[PDB]
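First up is the structure itself, then whatever we jot down about it.
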Amino acid sequence: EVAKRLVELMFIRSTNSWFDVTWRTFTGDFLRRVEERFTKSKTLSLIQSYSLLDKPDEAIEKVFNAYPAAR
Amino acid sequence: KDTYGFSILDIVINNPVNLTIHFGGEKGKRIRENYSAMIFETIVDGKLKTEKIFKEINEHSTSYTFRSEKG
Amino acid sequence: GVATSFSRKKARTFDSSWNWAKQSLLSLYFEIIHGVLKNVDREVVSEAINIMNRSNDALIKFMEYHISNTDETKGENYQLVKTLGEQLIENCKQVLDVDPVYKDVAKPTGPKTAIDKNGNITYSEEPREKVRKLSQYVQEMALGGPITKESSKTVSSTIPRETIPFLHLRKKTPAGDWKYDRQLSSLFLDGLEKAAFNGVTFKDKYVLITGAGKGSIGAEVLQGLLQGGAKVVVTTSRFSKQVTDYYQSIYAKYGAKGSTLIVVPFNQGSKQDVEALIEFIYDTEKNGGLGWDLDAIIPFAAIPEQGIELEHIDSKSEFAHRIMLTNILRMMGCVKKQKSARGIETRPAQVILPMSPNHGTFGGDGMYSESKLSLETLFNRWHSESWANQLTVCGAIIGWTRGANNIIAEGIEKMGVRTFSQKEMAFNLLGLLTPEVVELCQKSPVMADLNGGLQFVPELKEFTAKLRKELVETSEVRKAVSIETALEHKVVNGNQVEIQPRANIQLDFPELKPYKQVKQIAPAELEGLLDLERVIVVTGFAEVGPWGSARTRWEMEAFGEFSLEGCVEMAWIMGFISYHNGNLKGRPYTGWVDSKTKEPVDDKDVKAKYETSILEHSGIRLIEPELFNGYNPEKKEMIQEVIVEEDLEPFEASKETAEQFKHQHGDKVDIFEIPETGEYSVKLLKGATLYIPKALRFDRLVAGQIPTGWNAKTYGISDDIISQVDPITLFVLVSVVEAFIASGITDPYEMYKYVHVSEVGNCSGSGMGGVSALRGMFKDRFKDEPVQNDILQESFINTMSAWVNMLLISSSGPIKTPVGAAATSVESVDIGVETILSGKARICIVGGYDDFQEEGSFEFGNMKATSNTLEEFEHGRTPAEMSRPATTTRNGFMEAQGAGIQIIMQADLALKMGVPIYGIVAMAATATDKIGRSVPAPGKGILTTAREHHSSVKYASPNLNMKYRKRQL
Amino acid sequence: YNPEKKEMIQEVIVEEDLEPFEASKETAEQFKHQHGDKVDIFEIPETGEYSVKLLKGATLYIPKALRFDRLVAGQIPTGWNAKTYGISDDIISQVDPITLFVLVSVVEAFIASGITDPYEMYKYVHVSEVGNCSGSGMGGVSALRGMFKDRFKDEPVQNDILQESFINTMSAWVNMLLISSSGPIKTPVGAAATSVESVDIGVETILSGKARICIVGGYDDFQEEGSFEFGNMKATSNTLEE
Amino acid sequence: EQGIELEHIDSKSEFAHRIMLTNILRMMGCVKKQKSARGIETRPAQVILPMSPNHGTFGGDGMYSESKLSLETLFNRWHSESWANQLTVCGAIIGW
Amino acid sequence: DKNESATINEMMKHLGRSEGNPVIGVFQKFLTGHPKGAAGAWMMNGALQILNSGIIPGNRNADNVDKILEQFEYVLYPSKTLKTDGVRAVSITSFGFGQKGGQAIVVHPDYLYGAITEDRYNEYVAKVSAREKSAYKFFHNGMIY
Ligand SMILES: CCCCCCCC(=O)SCCNC(=O)CCNC(=O)[C@@H](O)C(C)(C)COP(=O)(O)O
């Protein structure tokens, strides 16, 4: 819900892009924190580059499919 | 001692409950042969049955054990 | 190093193979059903072999129940466990009376050394392609290879003509030199084939093995001996909890029926220990010995020597030589002396001497070659001295065994030289304990060569050096070239995020399955049959104990270690880590910090930084005076009444204090005003009564203590409450809060949304209550130390319940504090169940609590109910293993402290509140034993809970049938 | 126990070395263990004993007497003896006075029930069906005084004084001297309300059916320390004011 | 060492073994160390080791056979270690 | 220990428990030690955890089971944890001084839910889910602060 709210309030659908790169970094940092919280051991970050958040619905779906306990 | 590898003096003195004869080495093999040669012969109905005392003891028996309840 | 290490009290006996067989069966069963073993691999076969080796009628019935009660429709895994267990039941019935046999079924593995492109050396034990069974291993040893050649049917038939098998026995020629012998070698290989196929028994074989620690050939030999049924005395120079647990695990895995493992501390470098161990082995059980006569001696104890050439021979090489030669000769002589004193001429002990093929060919090994080479004198000494009838010499020339020296094992295998694993070498050595090789040793000493043909390579030392040099140079060249190529690429072309775990502690509410799944298991007639108001459910629970909360205690109980969440919870409990949020060293930090240094600590680092301290200061451990007000059981403060023999020097005191002294002592004290300052001088006279402190060494030094650093402030109990109530009350308050949290009742008043204040009871209690307050009132008040005036109410057993209600609950429901000594918590659950069933409450706080203190500890020591720690130390027991229930050596209970609380209530109300249900309190009963004069003596009084009448049971009750009861309903 | 002369001990620091006094080897070793370098202990070769010499700075306890203001108590009549009811001297030496009071009360209560022989209850019920649900507010306070004070003073105290201090010990002695039941045992603590607690728990036990007969009620003993701490709380009446 | 069989190996046998084997190895090590500290590579000392033809043939001689037999490791150690240039091994198997 | 094993064995024998079906004996005090009245509560906590996780911890201090306990064929004494596929009921037994014997039985919670309707179970489950979320929130907040 936090990730979805962040995408709703920081990613513009009409322009299909983040309104600000700092906002994009904010959402990516939150997702990395989610991965840290819900990963049981060492693992590659699902968001390796912040540029993947140009499709934020897809990035959120991937992250929370990998960590369904966070939904 | 020479034949069956046990001490009648020791048995009288200590009244052991169990007594293990060991058949290791040449002396032990000779004692084992003495034990194996021991037979119970009985002429029953005109037939000379030859039961073997210590049926356990064979060429591969490393030891025999005399058992008693109290001594 | 000559320091003594052996003691009889420290020896540990493992003989409960019956129990270990049942345990191993359950472990294998559950692993198969859970899929840890999808197929029948050699580990499953070996575990089945251990079960068979321990097979007895009780084990057959155990298996029969657990395989017939298995239902096969619950997926293919259950069908697999059923068929496999039926096969195992059949196979155990066959060997019900057969002797246990050592049968090794692991895949033979050879060496594999690989150099990556970046010059990384990797060594692996890959399975051999050609050889896959131990039978095939024996065939390969018989066949040999090209290098070993020189200018219905047993495996000794398949040996090629004019060849030397990899494993052979030699014969001493009349010239005095040992040569390969076809007859003896054939006998040994035939014994090896019989062992590989049928398995070899070691029943009625008493073995003394030294140098059998983890990762040694002796460990595998000991495993095989235990499989075969031997009575093995294993020695260890590293006697500790880790080593004793390792040997217990080995006995529980491979300890066949009739096998006994005696783990003793031992220093083979000290002749006192050599003599003492042999005396302990040979002494009668009445005199504290074992009453054993050794059939085999396997002195594999040794210490390494690296980089010790001739010029470096010194203390270490002398001590090593003592261990490897002189004390083995002393041990052999000690066994000879025991057997001769007992007049034992016909039970020789087979000494399996570990011999090296190479005596100084490698060098730089100190005195190792000297020891191994001198060990060959025993062949001639056996003929030339008068100990032949008590010991038989079996020199096993042990070949290259894979445990630096492994990266080139593949390289030495490339010319038909054969290199062995620890399992293969142990199998070769146990082949020397077969009855035929035993008889061969008794007829004359034997020289088994298990060298794998290593002797036939010329200049083996130089060849090994060249192999290592080639591998090293290849690795280094590849690494350097890769690094330089990487640097060149980075220079030419100019310049993955890793996610670490974060602790997410879960409350562990019960998993709620789909309705269909939960209905499938309960009977279909249960729907509406039960009065849920009359069904009691443990809605919540928690505890404060020597492993912290219920979660961390359960983690250490089940898995034996803390996960990330458990470790972070323990660090937070102990105050090792605190939470920080805000600016820290300038930059903004949010997370755990070190409580003392305030430095940031990451969750991944919490374990690495606090695991040792957590373990050291959790669980059963040495009593910490800082946790019991400077109570040191080693220095237990006392006072002795003495009569004063001469007047003391006057000392100043107040008017009131001097008057109290005069009131006490009467004419045996003089009190005088001091006009200068108005104070008083007190002068005790001859004959006055006096108390001098004295200190007593008390022998209960260990207790199960709430982990060091536990604070009620950490949970949020205010300092005023901490100063008011006792530590027991603090434990109970934290347990109550955590139990409501486990219930999900974050606010206790939310219970009053569903029930009346009169309907929430508290039926927990203590065996002894506020012992700290009792000590206050009985001792510190006697000493006139500052004690709160209301320490009396803080001593009551019901005071903790009162503080719970009047800090958290506000209930006006039933309060029934039980005392039951160690059974007060079950008493509490029973009382709470009765309260809910009567309806005087709907929710009840049950459980129990107690505190560890000096005086309770001392009185338990006075009754000898607790275990004497000095006796435990004499037996080599650490605090972690002090408490050993249901063991042959248990000698008193281990005192602990803490609290445990459960929130129980009606099932109907639990469903209505939507609270988790961890279990149904189906029954709760208390009982007394009988008439007798011993208060702490247990009894069968609770057996009445299974009371039943069986005078007429020819037909089943309709009342026990649920369909009948549902029809009536 | 005379409340007018209530015995306490005052810690003082030794100002001058005391004259040596004889002590056993073990006793002198304990003194040395306590005081460290503030005591010298020396063997006497003539007799093998030890001389103990406390030095300047050593810690020392002088008895002192405090005039306490609760002089009156409701006491069982003077000359009450459990032997008068027939409890043997061995039981009297084993158990606390509270236990003796409870045993006499249990016997008299069964007499009032007309149950002269307690096993006659087993003609009607199972041994599992006779519970004891009485309890105490503090229980064996005499045994608590034993373990906390006379053990501290090294006076002769029985090794099983702790089990004689428990609140369930009296009911245990009742069962294992008179009842022999294997019925429910539920010992409540309620301070002054433990007897109503006991009646309520006994009623619940019988209604649940885990017992058919129940010994309920409650018991306590008057001792120096409990008296003093009630005085400290000012819950009791000040006799001097009275 | 007379009448010291296996069961009689004790302080005397251990001391004799020290003299006959261990302290000879120490003496050769000491000579090696002196020569190496002085940089002497071309003047080896010829160690004439007293070796026995019989290693346990007679028995009852403590650790004599052990000392003599272990003295034969020096042949291999000479090749396998770095003291070849300072000492040469000459095992003389002394007869009756 | 001897008395408790004998009591459990007599209970199984009299109740006619199947042969070769020993009760698995959990001994918590090897790890926690003996509190003089928190003991039954700690064992009840462990019994509930065993019920919910299906995991039976072993008595890791059981270096060698006493031979006299072999006579009690209805008792098993594990030394290592067992991952069972389910525990139905657990018998918590305590024996305090003063002849204070006590036996409680905790059944798995899932045998309760078979006594209610589908809808009641569903609404209960939803309510426990919400409560679990709220309790996780409270627990973590209270831990850090
Ligand atoms: C509930 C758990 C039960 C699982 C039990 C299943 C396995 C058994 O029944 S063990 C009975 C004994 N079986 C054996 O000894 C076979 C060992 N001998 C063998 O030759 C092979 O099994 C191996 C050596 C292991 C390998 O042989 P293979 O190549 O597989 O033919």
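In the structure tokens, chains take the letters A, B, ... in the order shown, each chain's residues start at 1, and ligands count up from 1 in the order shown.
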
Enumerate, as an mmCIF file with N, CA and C atoms, in the first residue's frame, the complete set of residues in segment 10-65 of chain A that a backbone-based DSSP assignment places in strand (DSSP E or B).
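And here's states_23.cif as it stands now:
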```cif
data_model
loop_
_atom_site.group_PDB
_atom_site.id
_atom_site.type_symbol
_atom_site.label_atom_id
_atom_site.label_comp_id
_atom_site.auth_asym_id
_atom_site.auth_seq_id
_atom_site.Cartn_x
_atom_site.Cartn_y
_atom_site.Cartn_z
ATOM 1 N N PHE A 11 4.358 9.411 -9.437
ATOM 2 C CA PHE A 11 4.515 9.024 -10.832
ATOM 3 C C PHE A 11 3.293 9.477 -11.616
ATOM 4 N N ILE A 12 3.525 10.211 -12.698
ATOM 5 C CA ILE A 12 2.458 10.803 -13.495
ATOM 6 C C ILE A 12 2.131 9.850 -14.633
ATOM 7 N N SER A 17 5.881 9.066 -16.656
ATOM 8 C CA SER A 17 7.208 9.275 -16.096
ATOM 9 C C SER A 17 7.078 9.844 -14.694
ATOM 10 N N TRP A 18 8.150 9.693 -13.921
ATOM 11 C CA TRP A 18 8.213 10.296 -12.598
ATOM 12 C C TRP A 18 8.299 11.807 -12.709
ATOM 13 N N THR A 43 20.734 -11.486 -0.925
ATOM 14 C CA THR A 43 20.151 -11.686 -2.243
ATOM 15 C C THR A 43 20.380 -10.439 -3.081
ATOM 16 N N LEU A 44 20.450 -10.636 -4.392
ATOM 17 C CA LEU A 44 20.553 -9.510 -5.307
ATOM 18 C C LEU A 44 19.309 -8.642 -5.192
#
```

Worksheet item: Can you list, as JSON, numbers by chain, every residue of segment 12-197 of chain D that DSSP puts in alpha helix (DSSP H)?
Response: {"D": [25, 26, 27, 28, 29, 30, 31, 32, 33, 34, 35, 82, 83, 84, 85, 89, 90, 91, 92, 93, 94, 97, 98, 99, 100, 101, 102, 103, 104, 105, 106, 107, 108, 109, 110, 111, 112, 141, 142, 143, 144, 145, 161, 162, 163, 164, 165, 169, 170, 171, 172, 173, 174, 194, 195, 196, 197]}

Worksheet item: Quick one: residues within 9 Å of residue 57 of chain A, only C-alpha atoms counted, chain neighbours fewer than 4 positions away excluded, as a PyMOL selection string?
Response: chain A and resi 4+7+53+61-62

Include N, CA, C and O atoms and write out the residues we just selected as a short mmCIF file (atom, residue, chain, number, x, y, z; two decimals), in the first residue's frame.
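To be explicit, this is the file written out as part_19.cif:
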```cif
data_model
loop_
_atom_site.label_atom_id
_atom_site.label_comp_id
_atom_site.auth_asym_id
_atom_site.auth_seq_id
_atom_site.Cartn_x
_atom_site.Cartn_y
_atom_site.Cartn_z
N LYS A 4 2.28 1.61 -3.53
CA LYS A 4 1.24 2.03 -4.46
C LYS A 4 0.88 3.49 -4.25
O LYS A 4 0.68 4.23 -5.23
N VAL A 7 3.62 5.58 -5.77
CA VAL A 7 3.51 5.65 -7.22
C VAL A 7 2.37 6.57 -7.62
O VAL A 7 2.50 7.38 -8.55
N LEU A 53 12.18 1.72 -12.43
CA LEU A 53 10.94 2.31 -11.94
C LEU A 53 10.22 3.15 -12.99
O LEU A 53 9.15 3.69 -12.68
N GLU A 61 5.01 -4.87 -8.72
CA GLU A 61 4.49 -6.22 -8.85
C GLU A 61 5.61 -7.24 -8.71
O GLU A 61 5.46 -8.25 -8.02
N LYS A 62 6.76 -6.97 -9.33
CA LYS A 62 7.89 -7.87 -9.21
C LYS A 62 8.38 -7.96 -7.77
O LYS A 62 8.60 -9.05 -7.24
#
```

Distance limit 6 Å, reference ligand 1, atoms considered: only C-alpha atoms and all ligand atoms. Which residues make the cut? Give them as a PDB file with N, CA and C atoms, in the first residue's frame.
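Result went into selection-v7.pdb, see below:
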```pdb
ATOM      1  N   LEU C  28      14.325 -40.459  10.145  1.00  0.00           N
ATOM      2  CA  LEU C  28      14.302 -40.882   8.747  1.00  0.00           C
ATOM      3  C   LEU C  28      12.889 -40.867   8.185  1.00  0.00           C
ATOM      4  N   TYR C  29      11.920 -41.320   8.976  1.00  0.00           N
ATOM      5  CA  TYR C  29      10.527 -41.300   8.553  1.00  0.00           C
ATOM      6  C   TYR C  29      10.094 -39.885   8.192  1.00  0.00           C
ATOM      7  N   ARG C  42      22.129 -43.165  -0.537  1.00  0.00           N
ATOM      8  CA  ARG C  42      22.967 -43.973   0.338  1.00  0.00           C
ATOM      9  C   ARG C  42      22.864 -43.520   1.783  1.00  0.00           C
ATOM     10  N   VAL C  44      19.997 -42.638   3.183  1.00  0.00           N
ATOM     11  CA  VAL C  44      18.815 -43.368   3.631  1.00  0.00           C
ATOM     12  C   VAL C  44      19.155 -44.831   3.869  1.00  0.00           C
ATOM     13  N   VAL C  45      19.946 -45.425   2.974  1.00  0.00           N
ATOM     14  CA  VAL C  45      20.328 -46.825   3.147  1.00  0.00           C
ATOM     15  C   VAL C  45      21.165 -46.998   4.410  1.00  0.00           C
ATOM     16  N   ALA C  48      18.982 -46.740   7.449  1.00  0.00           N
ATOM     17  CA  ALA C  48      18.266 -48.001   7.582  1.00  0.00           C
ATOM     18  C   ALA C  48      19.174 -49.091   8.138  1.00  0.00           C
ATOM     19  N   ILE C  49      20.450 -49.087   7.746  1.00  0.00           N
ATOM     20  CA  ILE C  49      21.388 -50.080   8.263  1.00  0.00           C
ATOM     21  C   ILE C  49      21.625 -49.868   9.753  1.00  0.00           C
ATOM     22  N   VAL C  81       7.125 -43.394   1.952  1.00  0.00           N
ATOM     23  CA  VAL C  81       7.578 -43.735   3.298  1.00  0.00           C
ATOM     24  C   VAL C  81       6.948 -45.048   3.741  1.00  0.00           C
ATOM     25  N   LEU C  84       8.796 -47.963   1.865  1.00  0.00           N
ATOM     26  CA  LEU C  84      10.158 -48.069   2.370  1.00  0.00           C
ATOM     27  C   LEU C  84      10.170 -48.615   3.789  1.00  0.00           C
ATOM     28  N   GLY C  85       9.221 -48.183   4.621  1.00  0.00           N
ATOM     29  CA  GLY C  85       9.167 -48.667   5.986  1.00  0.00           C
ATOM     30  C   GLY C  85       8.703 -50.105   6.083  1.00  0.00           C
ATOM     31  N   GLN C  87       9.492 -52.328   3.798  1.00  0.00           N
ATOM     32  CA  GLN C  87      10.729 -53.020   3.461  1.00  0.00           C
ATOM     33  C   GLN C  87      11.682 -53.040   4.651  1.00  0.00           C
ATOM     34  N   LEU C  88      11.775 -51.925   5.377  1.00  0.00           N
ATOM     35  CA  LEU C  88      12.656 -51.865   6.539  1.00  0.00           C
ATOM     36  C   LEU C  88      12.170 -52.778   7.657  1.00  0.00           C
ATOM     37  N   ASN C  91      13.240 -56.188   6.686  1.00  0.00           N
ATOM     38  CA  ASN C  91      14.678 -56.397   6.810  1.00  0.00           C
ATOM     39  C   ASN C  91      15.120 -56.427   8.269  1.00  0.00           C
ATOM     40  N   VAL C 105      28.010 -47.927   3.128  1.00  0.00           N
ATOM     41  CA  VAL C 105      27.293 -47.842   1.863  1.00  0.00           C
ATOM     42  C   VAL C 105      27.425 -46.482   1.198  1.00  0.00           C
ATOM     43  N   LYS C 133      30.572 -48.883  -5.418  1.00  0.00           N
ATOM     44  CA  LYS C 133      30.231 -49.587  -4.193  1.00  0.00           C
ATOM     45  C   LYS C 133      31.512 -49.951  -3.457  1.00  0.00           C
TER      46      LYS C 133
END
```

Practice prompt. Excluding residue 42 of chain A and residues on its chain fewer than 3 positions from it, collect all residues at most 8 Å away from it, counting only C-alpha atoms, and give them as a list in words.
Written response: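 Surrounding residues, per the criterion: residues 39 of chain A; 498, 499, 500 and 501 of chain C.
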
Go ahead and write the residues just picked, N, CA, C and O atoms, as a PDB file, in the first residue's frame.
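Written out: out06.pdb:
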```
ATOM      1  N   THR A  39      13.499 -10.030   3.092  1.00  0.00           N
ATOM      2  CA  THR A  39      14.433 -11.057   2.651  1.00  0.00           C
ATOM      3  C   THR A  39      14.988 -11.772   3.873  1.00  0.00           C
ATOM      4  O   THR A  39      15.271 -11.138   4.895  1.00  0.00           O
TER       5      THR A  39
ATOM      6  N   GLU C 498      23.566  -4.993  -3.454  1.00  0.00           N
ATOM      7  CA  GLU C 498      23.292  -6.176  -2.656  1.00  0.00           C
ATOM      8  C   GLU C 498      22.357  -5.803  -1.514  1.00  0.00           C
ATOM      9  O   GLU C 498      22.571  -4.802  -0.825  1.00  0.00           O
ATOM     10  N   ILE C 499      21.329  -6.622  -1.308  1.00  0.00           N
ATOM     11  CA  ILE C 499      20.303  -6.383  -0.301  1.00  0.00           C
ATOM     12  C   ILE C 499      20.575  -7.299   0.883  1.00  0.00           C
ATOM     13  O   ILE C 499      20.621  -8.525   0.731  1.00  0.00           O
ATOM     14  N   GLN C 500      20.748  -6.711   2.046  1.00  0.00           N
ATOM     15  CA  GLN C 500      21.020  -7.443   3.268  1.00  0.00           C
ATOM     16  C   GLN C 500      19.732  -7.677   4.049  1.00  0.00           C
ATOM     17  O   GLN C 500      18.787  -6.893   3.940  1.00  0.00           O
ATOM     18  N   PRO C 501      19.634  -8.743   4.839  1.00  0.00           N
ATOM     19  CA  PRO C 501      18.405  -8.961   5.608  1.00  0.00           C
ATOM     20  C   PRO C 501      18.247  -7.959   6.741  1.00  0.00           C
ATOM     21  O   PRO C 501      19.219  -7.454   7.307  1.00  0.00           O
TER      22      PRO C 501
END
```

Item to complete: Compute the set of chain C residues within 10 Å of chain B, using only C-alpha atoms, and express it as number ranges by chain.
Response: C: 204, 295, 344-349, 388-390, 392, 435-436, 438-444

Discussion item. When you count only C-alpha atoms, which of these residues is closest to chain A: C:77, C:506, C:244, C:512?
Written reply: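 Closest residue, counting only C-alpha atoms: C:506.
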
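Take the candidates C:932, C:603, C:812, C:785 and check each one against chain A using only C-alpha atoms; the shortest distance goes to C:603.
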
Practice prompt. Name all residues at most 9 Å from segment 8-18 of chain E (count only C-alpha atoms; drop same-chain ones fewer than 4 positions away) and give them as a list in words.
Written response: residues 318, 322, 326, 329, 330 and 333 of chain C; 1, 3, 4, 22, 23, 24, 60, 61, 62, 63, 64, 66 and 67 of chain E

Worksheet entry | Interatomic distance (Å, one decimal) between atom CA of residue 767 of chain C and atom CA of residue 545 of chain C |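 About the pair atom CA of residue 767 of chain C and atom CA of residue 545 of chain C: they are 15.9 Å apart.
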
Discussion item. Taking 6 positions as the minimum chain separation for residues in the same chain, which residues sit within 9 Å of residue 532 of chain C when counting only C-alpha atoms? Answer as an MDAnalysis selection string.
Written reply: (chainID C and resid 906:909) or (chainID F and resid 112 115)

Discussion item. Need the shell around residue 47 of chain E: protein/DNA/RNA residues with any atom at most 7 Å away, counting only C-alpha atoms. Skip same-chain ones fewer than 2 positions apart. Format as a PyMOL selection string?
Written reply: chain E and resi 45+49+87-90

Fill in: Shortest interatomic distance to residue 815 of chain C - which of C:144, C:925, C:778, C:765, counting only C-alpha atoms
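Closest to residue 815 of chain C, using only C-alpha atoms: C:765.
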
Worksheet item: Do you have the atom CA of residue 616 of chain C-atom CA of residue 579 of chain C distance handy?
Response: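 Between atom CA of residue 616 of chain C and atom CA of residue 579 of chain C the gap is 22.9 Å.
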
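Any residue of chain A with an atom within 12 Å of chain F counts; using only C-alpha atoms, that gives residues 69, 70 and 71 of chain A.
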